[PDB]
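Novice: Make a model of this:
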Amino acid sequence: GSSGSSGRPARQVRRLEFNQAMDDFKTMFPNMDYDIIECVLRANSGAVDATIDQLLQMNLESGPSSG
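Specialist: Numbers count the residues shown, from 1 in each chain. The coordinates are given below.
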């Protein structure tokens with residue numbers, strides 16, 4: 001029947017990607033350590049967009065900007 005109740009759909013999968021990420025980071029930052037990479041992953045709480053900027057800067061390090 002379904003009448004009256006009209007809510008929005010909310011699925012539950014949150015597949016997310018960690019294994020792949022690690023690899024990406026492995027290729028993105030070789031100097032990085034599997035412990036570090038992940039550290040960020042967790043430190044940031046599963047967030048590539050973040051985990052990236054993280055290692056990004058890290059690799060950069062107080063220096064020239066370039067661009």
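
Novice: Quick check: which helices or strands does the top helix by length along the chain pack against?
Specialist: Longest helix in the chain by number of residues (criterion: DSSP state H): helix 48-60. If contacts are counted by 3 or more C-beta pairs under 8 Å, 6 or more residues apart in numbering; DSSP states H and E, helix 48-60 sits against helix 19-28, helix 34-40. C-beta coordinates here come from the backbone N, C-alpha and C atoms, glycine included.

Novice: Can you report how many residues neighbour residue 57?
Specialist: By the criterion of other C-beta atoms under 10 Å, residue 57 has 10 neighbours.

Novice: I should have written residue 28 there, sorry.
Specialist: 16.

Novice: Enumerate every residue touching the residue most central in space within the chain.
Specialist: Most central residue of the chain, judged by C-alpha distance to the mean C-alpha position with C-alpha atoms, centre = their mean, is residue 48 at 1.7 Å. By C-beta atoms under 8 Å, 6 or more residues apart in numbering, the contact set of residue 48 is 17, 21, 24.

Novice: Correct me if wrong: the second one contacts residue 52.
Specialist: In this case it means residue 21. No: using C-beta atoms under 8 Å, residue 21 is not in contact with residue 52, being 9.4 Å away.
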